[PDB]
Every structure is written in C-alpha cells, then in structure tokens.
Amino acid sequence: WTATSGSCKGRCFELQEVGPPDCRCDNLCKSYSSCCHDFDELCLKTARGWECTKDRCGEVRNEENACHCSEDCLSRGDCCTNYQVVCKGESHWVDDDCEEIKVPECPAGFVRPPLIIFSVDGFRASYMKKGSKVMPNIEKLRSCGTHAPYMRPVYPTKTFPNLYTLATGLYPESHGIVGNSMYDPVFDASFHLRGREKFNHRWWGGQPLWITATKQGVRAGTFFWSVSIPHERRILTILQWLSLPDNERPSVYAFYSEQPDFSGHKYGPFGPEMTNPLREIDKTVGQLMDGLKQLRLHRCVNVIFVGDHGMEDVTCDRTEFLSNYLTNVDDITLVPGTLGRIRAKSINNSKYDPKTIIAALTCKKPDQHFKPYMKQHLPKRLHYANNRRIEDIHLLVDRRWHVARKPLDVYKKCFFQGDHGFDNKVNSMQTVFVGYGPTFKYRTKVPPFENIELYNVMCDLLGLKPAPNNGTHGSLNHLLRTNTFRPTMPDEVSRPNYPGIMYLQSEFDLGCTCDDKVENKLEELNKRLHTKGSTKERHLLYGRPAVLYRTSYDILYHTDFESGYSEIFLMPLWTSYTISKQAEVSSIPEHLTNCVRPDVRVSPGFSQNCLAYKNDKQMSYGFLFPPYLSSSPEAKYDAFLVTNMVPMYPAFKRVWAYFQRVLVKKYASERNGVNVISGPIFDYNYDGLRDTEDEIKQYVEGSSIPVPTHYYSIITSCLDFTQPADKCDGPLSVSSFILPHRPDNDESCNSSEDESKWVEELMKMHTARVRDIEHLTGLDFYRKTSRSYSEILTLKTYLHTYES
Ligand SMILES: *[C@@H]1O[C@H](CO)[C@@H](O[C@@H]2O[C@H](CO)[C@@H](O[C@@H]3O[C@H](CO[C@H]4O[C@H](CO)[C@@H](O)[C@H](O[C@H]5O[C@H](CO)[C@@H](O)[C@H](O)[C@@H]5O[C@H]5O[C@H](CO)[C@@H](O)[C@H](O)[C@@H]5O)[C@@H]4O)[C@@H](O)[C@H](O[C@H]4O[C@H](CO)[C@@H](O)[C@H](O)[C@@H]4O)[C@@H]3O)[C@H](O)[C@H]2NC(C)=O)[C@H](O)[C@H]1NC(C)=O
Ligand SMILES: N#Cc1ccc(/C=C/C(=O)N2CC[C@@H]3CN(C(=O)c4ccc5[nH]nnc5c4)C[C@@H]3CC2)cc1
Ligand SMILES: [Ca+2]
Ligand SMILES: [Ca+2]
Ligand SMILES: [Cl-]
Ligand SMILES: [Zn+2]
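Per the authors' numbering, the sequence shown runs over residues 51 to 463, 468 to 573, 576 to 860.
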C-alpha cells in the first residue's frame with residue numbers, strides 16, 4: 051500500500067528518496083506506481099510544447115507551461131532550451147565553430163566540471179558514419195571531442211547487463227545482472243522486465259557510479275528514468291538540477307534514450323524508418339547543448355555520448371528450435387533469443403544429464419546456427435561463467451539468428471525485424487563512444503576499447519576513487535587532457551632462482567629415454585654461455601614477467617628459449633622465444649620422436665616423469681617451446697627437456713602441434729618476426745583468476761602433475777612491421793589466445809578434416825587480451841620496454857577480433 055494523497059508541490063524531481071508509504075515525486079515514482087496524485091499536474095506540464103516561438107518572447111510567466119520564454123526564466127532556470135535563440139538572437143550550439151577548450155570555463159560556485167552521461171540504447175557503431183548527414187549535433191561532438199570508431203560492449207549484448215556494466219566497470223558475472231531475464235536458484239526467484247522483482251536491491255551487486263559518488267561527497271542526479279516521462283522533460287530536468295544552489299546541485303547526471311533500440315527492434319538496424327529516431331536523438335542533444343550554453347556551461351561540462359550495444363537484422367523465420375534436436379524437450383527450461391541458456395525444469399529430478407543435452411545439440415545439422423557449451427568452456431574473453439544465475443548449459447547463437455524451444459513459443463507467446475545480444479566481438483553489436491569537454495581531448499581519435507573501462511575514467515572526471523573493478527586503470531589515460539591517475543607497475547612478489555648444474559643423470563628415475571649420446577674448446581664455452589643466458593635479450597624482448605604471488609620457481613636459459621619454471625606445478629609458468637621472419641621450420645628427426653631428457657639444473661623431486669604419461673591413457677604430453685623451431689640440430693635437444701614438457705590430451709595435441717608447426721612461422725612471416733610467450737593456465741573454478749596449488753581438481757594419473765584447464769600464448773611484434781620484432785623502436789602489436797585444454801574437439805564440427813580447415817578458426821574464437829591471461833596466471837608482462845606505462849596498459853587491454 052501507498053498513502054498517495056501527499057503532495058508534490060515544491061518537490062518535483064527531488065533527489066533524495068522518501069520511503070513507503072509516503073508518496074514520491076522522483077523520476078522513478080511512475081515505475082514503482084507511487085507518485086503523488088498531483089505529480090502529473092505539477093511535474094509533467096506539457097502546455098505550449100518544448101520550443102519558444104517568436105511571439106512568446108518576454109511573455110508573462112504562466113506556471114502551467116512546460117517551459118517558459120518569460121524574462122525571469124534564466125533566473126528560475128527553466129527556459130525552453132531555444133529561448134536564447136529566438137528571443138535574444140543567439141546561435142544554436144551546433145552552428146558555432148569548434149573552438150578548443152584549453153581550460154574549464156565554469157561560472158562561480160562550480161567546484162568541478164560536471165559530467166553528463168548521455169546514454170543511447172541500441173546505438174550501433176556504424177550509425178556515426180551512416181547517419182551523420184542527419185545528426186549534426188552528434189557529429190560536432192564526435193569530430194570536436196574525443197571518439198573511438200566503436201566501443202565494445204560486454205556479453206551478453208543486452209540492455210541491463212550493459213547499462214549496469216557501464217555504471218560499475220564490472221563484468222555481468224560480477225555485478226550479478228547476467229541478463230534481462232534471470233533465474234536465481236538460491237532466491238528461487240525470477241528477474242524479468244515486467245514485474246516488481248527487479249526492484250529488489252539483492253540482484254544488483256558492485257558499486258555503481260552514483261553510490262560511489264555519494265559515499266565520497268559528490269552529489270549525483272538519479273540515473274534511471276521512467277519511460278512515460280518524455281525525453282524533452284528529461285533534458286529540462288537535468289537543466290533545472292544544474293540551476294540549483296551550489297550545496298544541493300549534483301555533479302554527475304545521466305540521460306537515457308530508448309531510441310534507436312526501440313525502432314531498431316521493429317524495423318531493423320537500417321530500415322528506412324530509422325532516419326527519424328536518429329533525427330530525434332540529435333535534436334535532444336541539440337536541446338541539451340543549447341540548455342548548457344544558456345547556463346554558461348557548454349565549455350565547463352564534460353559530456354559522454356555512449357551506447358549500450360548495437361543492432362542486428364533478425365527475423366522470425368531465422369529461428370532454430372530445440373525440439374528439432376531433443377526428445378525430452380519438456381525436461382528443460384530455455385531462456386531464449388539471441389543467446390540460449392538451459393537448465394532442468396525441476397531439481398527434484400536426478401535423471402537430468404547435461405552431457406546428453408550437450409551431445410544431442412552438438413554438430414547435429416550441417417547448417418546449424420548455434421553451438422552448445424558448458425559455461426566453463428565458453429571463450430574466456432566473455433567472462434560469462436562465475437555466477438549462479440548463469441546456467442551450466444549455454445548456447446552461443448549465430449549473428450542474425452534466434453534460439454527458441456518449440457515452434458509454438460514463437461507464434462503463440468512476424469513482429470520484429472531487429473535484435474541484439476550476440477557475442478560481443480560481432481560487428482553489428484558494437485556501439486559508440488564520444489567524449490567532449492574540457493577534460494577530454496580536442497579532435498582526437500582513440501582506438502576502440504571495452505565498455506568495462508569507462509567507470510574508472512568517469513571516476514577520474516569527477517575526482518573520485520573507483521571501487522575495485524575490472525577496468526584497467528590508466529589504460530584510457532590517452533582519452534584525457536589531464537590525469538587524476540598515474541598508474542604504477544605492481545611489485546614482484548616472488549624473485550626467481552637461477553639454478554646451475556646441480557644434479558647428475560643417474561640421480562633421476564623418470565622413465566624417460568632419449569637417444570642423446572651423440573657427441576671442443578670453441579663450441580663448448582658457447583653453449584654454456586647460452587645456459588648462463590647470453591642470448592636472453594633476443595628471446596626475452598620485454599623483460600621477464602613478474603610473479604605477483606608467493607611461489608617457488610627457477611629461470612631456465614637456453615639457446616632458443618627461456619622459461620620461468622614452477623617447482624610447485626612442476627612445469628613452466630611461462631616460456632618465451634623470438635621467431636624471426638627468416639627462421640626455418642624443421643621436423644622432429646625419426647630417432648627423437650619419443651625423446652625426453654632430464655634437466656640437470658632441477659631436482660628429480662621437482663621434475664615430471666614419463667612413467668605417469670605411460671600409465672595415464674587419457675593423457676599424452678607436449679612441449680611449450682616447439683622442437684620444430686629449434687635453431688639447429690644441437691639446440692633441438694634443449695626442447696626435449698623434462699622442464700619444457702606439459703600434459704596434453706591427444707585431441708589437444710592436434711591443435712597445439714598445428715599451432716607450433718605452421719602458424720607460428722606464418723605469423724613470423726606476415727608480421728616480420730614474432731615473440732611468443734606460452735604457458736599453462738589453471739582455472740578449475742572458472743572465476744577467471746589463477747587457482748592456487750590446493751585448488752587443482754585434476755592430476756595426470758598417479759602423479760602430482762596438475763593438468764591445465766587452458767593453454768595461452770602471447771604473440772608480439774613491432775607495430776611498424778618494416779622493423780623486425782627483435783629490433784622494434786616504437787609501439788608494439790600483440791595478439792593472444794587462451795585455448796581450452798579439452799579431451800575432444802567437439803567444439804570444432806570440422807575436426808575430422810585437416811588442421812588447416814578448423815584449427816585457426818578455433819583459435820580466433822578463443823582470442824584474448826594480455827590482461828585476461830594476467831588474471832589467469834598472476835603474471836605481469838611487458839615490464840621492460842621503451843614505452844610509457846599508459847601505452848602498455850592500453851596494449852594489455854587490446855583484443856584482436858578477426859572481424860571485417
Ligand atoms: C572483476 O572485479 C571484481 C571486483 O574487484 C573481482 O571480484 C572480487 O573478487 C574477490 C575474490 O574472488 C572477492 O573477494 C571475496 O570477497 C568475499 C566477501 O565479498 C563481499 O563483500 C564485497 C565487498 O563489498 C562485495 O563486493 C561482494 O559482493 C558479491 O556477492 C554479492 C552477494 O553477496 C553479489 O551481490 C555481488 O554481485 C558479488 O558477487 C560476485 O562475487 C562473488 C565473490 O565474492 C561471487 O561469489 C559471485 O559469483 C559474484 O560473481 C560480497 O558481498 C570474502 O568473503 C572472500 O574471502 C574469502 O576468500 C579468501 C581467499 O583468499 C579467504 O582467505 C577468506 O578466508 C574467505 O573465505 C573474498 O575476499 C570480491 O568480493 C569480488 N568482488 C566483486 C564485486 O565481485 C573479480 O575477481 C574481477 N574479475 C576478474 C576476471 O578479474
Ligand atoms: N552508467 C550508466 C547508466 C546511465 C543511464 C541509465 C539509464 C537507465 C534507464 O533509465 N532505463 C534502462 C533500463 C531499462 C531498459 N528498459 C526496456 O524496456 C528495454 C529497452 C531496450 C531493450 N532491448 N531489448 N529489450 C529491451 C528492454 C526499461 C528500463 C528503463 C530505462 C543506466 C545506466
Ligand atoms: Ca539496450
Ligand atoms: Ca580460478
Ligand atoms: Cl580430435
Ligand atoms: Zn533492445
């Protein structure tokens with residue numbers, strides 16, 4: 051119940067929120083069905099439209115008007131935004147030349163430049179160019195401010211997960227809002243667009259910008275708006291708030307537009323009906339920019355123009371149905387659409403086997419427009435697993451398609471031409487970012503970045519300290535004229551050992567044979585020089601990675617490669633090597649096929665053994681530095697050391713062998729030499745972070761040799777590819793992957809064919825940021841370069857997407 055006979059007189063769009071059962075007058079009172087009777091009367095005036103006309107100038111104030119053209123209106127702070135244009139012969143903001151903003155130009159009492167977030171729902175990245183002729187305001191912002199060609203949203207590319215990601219800098223798995231529709235098993239509750247449930251605070255984790263603001267004494271305007279409040283009333287409300295006395299005036303605001311998402315759903319991303327909503331958005335920006343100019347704030351306020359996601363062509367006839375794959379189609383609940391999530395209909399059912407479901411859905415049709423995964427096997431770049439609201443079974447859907455359960459679910463539950475929510479690397483899902491203001495840069499293009507990064511910057515723009523988040527603070531410093539945040543490298547926690555020759559062959563009982571008894577003054581000091589690390593500046597191009605946790609490990613040098621070897625995990629954490637363009641591929645000679653040599657630098661007790669690999673028939677082994685790329689037949693023996701060896705399922709060796717034998721060389725050719733760092737990853741609990749020694753869920757049978765869940769590689773070269781990787785003078789170029797260590801290749805429906813038809817396709821799907829690998833390994837890369845740390849942070853957040 052709400053006693054709704056209180057009044058809104060003098061309380062229109064209040065900032066503090068009065069709790070039930072007193073009535074409300076704030077921008078969300080409508081969504082709670084708890085506005086005071088007079089709210090519509092007092093706070094939602096509409097009379098006379100939104101624009102001053104020639105006759106309205108210096109009128110006599112009429113409180114019934116939606117906005118005012120009267121002489122006192124500048125003082126009351128409630129003129130129509132075009133009041134100055136018509137009545138005082140002023141120019142629209144958009145018609146004024148782009149002049150640089152070297153210093154904030156703020157009116158007295160303004161302690162800091164305010165921030166306005168202008169959020170546009172469904173604003174697909176390609177609109178900035180494709181619709182530019184009809185969006186002059188937005189185009190002034192873009193070309194005068196700082197902009198990226200596009201901004202990458204989070205997965206799923208849905209509204210709620212993305213709008214709350216923006217506000218927190220957190221992944222959906224972390225903030226809790228993993229979809230527009232969710233079931234929480236511990237709540238036995240369901241979060242949906244229609245219903246009251248979504249209003250409970252228990253769904254919304256993390257700390258959103260406005261809470262972060264308040265707690266640090268920066269006052270915030272309320273971010274969310276009720277749909278029924280027209281957009282023009284939203285802008286004047288932000289302008290009225292900006293006229294408030296210094297002590298009550300918030301420093302951060304948000305505006306939201308349902309367009310163009312609303313139309314895009316009806317008419318597709320580029321339907322001819324799309325021109326108008328874009329025209330309308332632009333108008334609303336114009337209005338805001340005019341309102342700011344009236345207030346002398348247009349050279350004081352930082353404005354962020356940002357979208358939550360893009361829009362793809364989707365229609366009813368492009369739906370795949372589960373009922374065409376499953377028999378037990380009524381045992382399962384499917385959360386449907388542009389992404390699928392599956393669970394049991396009742397947990398009072400022990401005969402629910404996810405494996406059968408996964409199997410029944412795998413490569414079953416040659417045309418198939420989705421692919422099933424257990425959530426932990428989803429690409430690691432999506433970070434879509436560590437939450438109980440994310441169902442074990444996930445369906446990743448082809449762009450342009452839908453997944454539904456039964457055909458009835460579509461005809462009785468076509469009406470739409472557009473949708474979104476696909477994999478966040480898909481082009482049609484990309485969205486926009488423009489920043490304009492005194493703190494942003496002038497006429498500056500920046501490379502594309504991820505929406506998870508903006509919270510840090512917004513906190514910077516406001517002189518706030520960000521709550522712990524998934525952005526990488528400093529990686530967007532290149533957007534800003536002036537910086538609140540100087541980032542610093544984390545300190546190394548573990549210093550390495552540098553073992554020399556300490557053990558004799560016969561001290562080893564590993565069950566590892568090699569034909570190595572093939573056999576100077578000149579060339580016997582030289583290979584010793586290599587073991588002391590004389591070719592280190594060649595294979596370790598950016599300094600050794602730092603270990604950011606306490607552990608026990610040794611740096612091992614060789615002619616061709618260098619490793620940080622973990623005495624705990626009994627394999628290297630990292631293995632670094634440069635392959636120049638002219639380097640040549642060779643084969644494993646017939647006599648060395650099964651060669652594995654003991655490492656005299658490392659104790660038997662801290663080494664693996666071939667015996668275990670013999671006894672485990674699920675588990676074979678592979679090597680981190682590839683024998684195929686040895687510089688010389690002598691050097692090749694280095695690659696067969698027990699300390700270069702890592703466990704690998706036969707199925708995975710196929711992917712790995714192809715990567716090492718063919719692709720490394722190909723990359724070195726195209727990119728003019730590459731530096732490769734490769735290693736194991738252990739993330740059994742799929743939280744995206746390194747598991748500790750006591751969290752290992754799987755060992756090679758009858759041993760203490762832990763089995764990795766993933767294998768990564770970081771491949772780096774010179775951005776200017778006229779220079780060799782090992783002699784780059786400036787900016788670097790990187791690409792990375794985190795391959796899932798899986799006992800089969802069921803993910804690749806073409807796997808029965810030659811590795812040249814599927815393997816690179818798997819690796820592209822599993823691309824990664826260096827920073828994703830950092831979270832997973834507890835390492836810190838690029839410690840020694842000639843580049844600024846900011847630039848290196850940017851490099852570390854880069855993701856190579858393989859889109860056109
Ligand atoms: C991305 O960035 C985020 C934020 O920095 C990182 O997430 C953080 O990771 C650490 C380690 O996993 C977490 O620390 C643990 O914290 C708990 C207590 O946490 C409570 O307080 C904090 C602080 O205000 C809240 O943020 C927490 O909120 C979580 O739970 C609520 C429900 O209560 C939910 O509404 C939120 O969405 C959020 O849930 C998400 O995180 C939790 C993990 O806490 C996870 O279960 C869930 O699936 C969601 O994803 C919470 O109220 C503390 O008890 C722990 O200590 C224990 O472990 C240590 C191990 O050393 C033991 O020594 C000790 O004895 C304890 O047993 C941890 O310290 C931190 O909470 C978490 N923060 C957030 C906001 O998620 C991610 O790791 C980053 N991801 C990547 C890939 O980089
Ligand atoms: N940072 C930040 C920040 C800034 C502003 C804001 C502002 C938030 C805000 O007012 N809204 C966003 C959240 C939802 C969106 N919505 C929908 O009905 C809806 C829209 C598009 C869809 N496509 N497919 N299903 C869809 C469903 C109603 C609701 C109110 C409006 C939120 C966060
Ligand atoms: Ca949206
Ligand atoms: Ca983990
Ligand atoms: Cl296979
Ligand atoms: Zn939408």
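Ideal placement from N, C-alpha and C gives every residue a C-beta, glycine not left out.
Original post:
Is the segment 722-734 close to the segment 692-701, with three or more CB pairs under 8 angstroms?
Top reply: no
Original post:
Straight-line CA distance for residue 429 to residue 141?
Top reply: The residue you call residue 429 lines up with position 379 of the sequence shown. The residue you call residue 141 lines up with position 91 of the sequence shown. Each residue's Cα considered, the two are about 51 angstroms apart.
Original post:
If you scan the segment 187-248 from start to end, which runs of the beta strand (DSSP E) of 3 or more residues do you find wholly inside it?
Top reply: 232-234 and 239-241
Original post:
Would the C-beta of residue 574 count as close to ligand 3, meaning under 7 angstroms from any of its heavy atoms?
Top reply: Note on the chain: consecutive modelled numbers read 573 then 576, so residue 574 has no coordinates in the structure shown.
Original post:
What number of angstroms, rounded off, separates the C-alpha of residue 329 from the C-alpha of residue 363?
Top reply: Counted from its first residue, the sequence shown places residue 329 at position 279. Counted from its first residue, the sequence shown places residue 363 at position 313. If I take the Cα positions, the gap works out to 21 angstroms.
Subject >> Around ligand 5, Cβ to any heavy atom closer than 7 angstroms, ordered along the chain >> reply: 707, 710, 800, 801 and 807
Subject >> Residue ranges of each alpha helix (DSSP H) within the segment 506-550, 4 or longer >> reply: 508-515
Original post:
Would you say residue 615 and residue 735 are within 8 angstroms of each other, going by their C-beta atoms?
Top reply: For the purposes of this step, residue 615 is identified with residue 559 of the sequence shown, where counting begins at 1. For the purposes of this step, residue 735 is identified with residue 679 of the sequence shown, where counting begins at 1. In this structure, residue 735 does not lie closer than 8 angstroms to residue 615 by Cβ.
**OP:** With a 10 Å radius around its C-beta and 16 neighbouring C-beta atoms as the bar for buried, classify residue 556 as buried or exposed.
**Re:** By one-based count along the sequence shown, residue 556 stands at place 502. Exposed, because fewer than 16 other Cβ atoms sit within 10 Å of the Cβ of residue 556.
Subject >> Cut-off 8 angstroms between Cβ atoms - residues of its own chain near residue 427, not counting five sequence neighbours on either side >> reply: Residue numbering aside, residue 427 sits at position 377 when the sequence shown is read from its first letter. Only 796, 798 and 803 meet the Cβ criterion.
Subject >> Sequence-distant residues of the same chain with beta carbon closer than 7 angstroms to residue 101, five excluded per side >> reply: Taking the sequence shown and counting its residues from 1, the one referred to as residue 101 is at position 51. Counting only Cβ-Cβ distances below 7 angstroms, and skipping sequence neighbours, we find 130 and 132.
Original post:
Going by Cα to Cα distance, which pick from 316, 702 and 342 is closest to residue 621?
Top reply: Taking the sequence shown and counting its residues from 1, the one referred to as residue 621 is at position 565. Nearest C-alpha to residue 621: 702.
Subject >> Inter-residue spacing [alpha-carbon to alpha-carbon] between residue 273 and residue 260 >> reply: In the sequence shown, residue 273 corresponds to position 223, counting from 1. In the sequence shown, residue 260 corresponds to position 210, counting from 1. Each residue's alpha carbon lies about 8 angstroms from the other.
**OP:** Please write down, chain order preserved, every residue whose beta carbon lies under 5 angstroms from a heavy atom of ligand 4.
**Re:** 739, 741, 743, 745 and 747
**OP:** Would you check if the distance between the CB atom of residue 76 and the CB atom of residue 213 is smaller than 8 angstroms?
**Re:** Position 26 of the sequence shown, counted from the start, is the residue given in the question as residue 76. Position 163 of the sequence shown, counted from the start, is the residue given in the question as residue 213. For residue 76 and residue 213, no; Cβs fall outside 8 angstroms.
Subject >> Three-pair Cβ contact test at 8 angstroms for the segment 493-501 versus the segment 208-223 >> reply: no
Original post:
Given a threshold of 16 other Cβ atoms within 10 Å of its Cβ, counted over all protein chains shown, does residue 786 qualify as buried or as exposed?
Top reply: Start at 1 with the first residue of the sequence shown, and residue 786 comes out as number 730. Exposed: under 16 other Cβ atoms inside 10 Å.
Subject >> Per DSSP, cross-strand counterpart(s) of residue 838 >> reply: Within the sequence shown, residue 838 is the residue found at index 782, counting from 1. Answer is none; residue 838 lacks a bridge partner.
Subject >> Buried versus exposed, by CB contacts within 10 Å (16 or more), residue 264 >> reply: Within the sequence shown, residue 264 is the residue found at index 214, counting from 1. Answer is exposed; the Cβ neighbour count stays below 16.
Original post:
Quick one, are the C-beta atoms of residue 476 and residue 447 less than 8 angstroms apart?
Top reply: By 1-based counting over the sequence shown, the position of residue 476 is 422. By 1-based counting over the sequence shown, the position of residue 447 is 397. Going by C-beta atoms, residue 476 is nearer than 8 angstroms to residue 447.
Original post:
Hey, would you say residue 325 sits closer than 8 angstroms to residue 144, going by beta carbons?
Top reply: Start at 1 with the first residue of the sequence shown, and residue 325 comes out as number 275. Start at 1 with the first residue of the sequence shown, and residue 144 comes out as number 94. Their beta carbons are not under 8 angstroms apart, which means residue 325 does not touch residue 144 by this criterion.
Original post:
Can you check whether the CB of residue 548 is closer than 8 angstroms to the CB of residue 603?
Top reply: For the purposes of this step, residue 603 is taken as the residue at position 547 of the sequence shown. For the purposes of this step, residue 548 is taken as the residue at position 494 of the sequence shown. A contact, by the Cβ cut-off of 8 angstroms.
Original post:
DSSP on residue 165, reduced to helix/strand/coil?
Top reply: In the sequence shown, counting from the first residue as 1, residue 165 sits at position 115. Note: residue 165 maps to strand in three-state DSSP.
Original post:
Closest by CA to residue 160, which one among 850, 373 and 268?
Top reply: Reading the sequence shown from its first residue, position 110 is the one you call residue 160. Checked all of 850, 373 and 268; the closest Cα to residue 160 is 268.
**OP:** Would you check whether ligand 3 has a heavy atom nearer than 7 angstroms to the C-beta of residue 390?
**Re:** Position 340 of the sequence shown, counted from the first residue, corresponds to residue 390. Flag unset: Cβ of residue 390 not near ligand 3.
**OP:** For the segment 683-714, list the beta strand (DSSP E) runs that are entirely contained and at least 3 residues long, ordered along the chain.
**Re:** 701-704
Original post:
If you run the structure through DSSP and keep just helix, strand and coil, what is residue 488?
Top reply: Reading the sequence shown from its first residue, position 434 is the one you call residue 488. Strand, per DSSP.
Original post:
What is the C-beta distance between residue 137 and residue 128, in whole angstroms, given that I count them as a contact (C-beta under 8 angstroms)?
Top reply: As a working mapping, residue 137 is identified with position 87 in the sequence shown. As a working mapping, residue 128 is identified with position 78 in the sequence shown. Residue 137 to residue 128, Cβ: 14 angstroms. No contact.
Original post:
Measuring CA to CA, which of 257, 531, 629 and 424 is closest to residue 403?
Top reply: Sequence index remark: in the sequence shown, residue 403 carries index 353 (1-based). Ranking the options by Cα distance to residue 403, first place goes to 424.
Subject >> Spatial neighbours of residue 530 in its chain, beta-carbon cut-off 6 angstroms, leaving aside the 5 residues before and after >> reply: To locate residue 530, count along the sequence shown from 1; it is residue 476. Within the same chain, residue 530 has close Cβ partners 507 and 511.
Original post:
DSSP puts residue 630 in a beta bridge; with which residues?
Top reply: Residue mapping note: residue 630 aligns to position 574 of the sequence shown, counting from 1. Residue 630 pairs with 620.
**OP:** Report buried or exposed for residue 103, applying the criterion of at least 16 other Cβ atoms within 10 angstroms of its Cβ.
**Re:** Within the sequence shown, the letter at position 53 stands for residue 103. Residue 103 should be labelled exposed.
**OP:** For residue 397, count neighbouring C-beta atoms within 10 Å of its own C-beta (all shown protein chains included) and say buried if the count is 16 or more, exposed if not.
**Re:** Here residue 397 refers to the residue found at position 347 when the sequence shown is read from its first residue. Residue 397 should be labelled exposed.
Subject >> Candidates 809, 663 and 846, of which the one nearest residue 760 by Cα >> reply: Taking the sequence shown and counting its residues from 1, one reaches residue 760 at position 704. It is 663.
**OP:** Check the DSSP bridge columns for residue 434 and list the partner residues they point to.
**Re:** Numbered from its first residue, the sequence shown carries residue 434 at position 384. In DSSP, residue 434 forms no bridge with anything.
Original post:
How do the segment 329-348 and the segment 408-415 stand: do at least 3 beta-carbon pairs fall below 8 angstroms, yes or no?
Top reply: no
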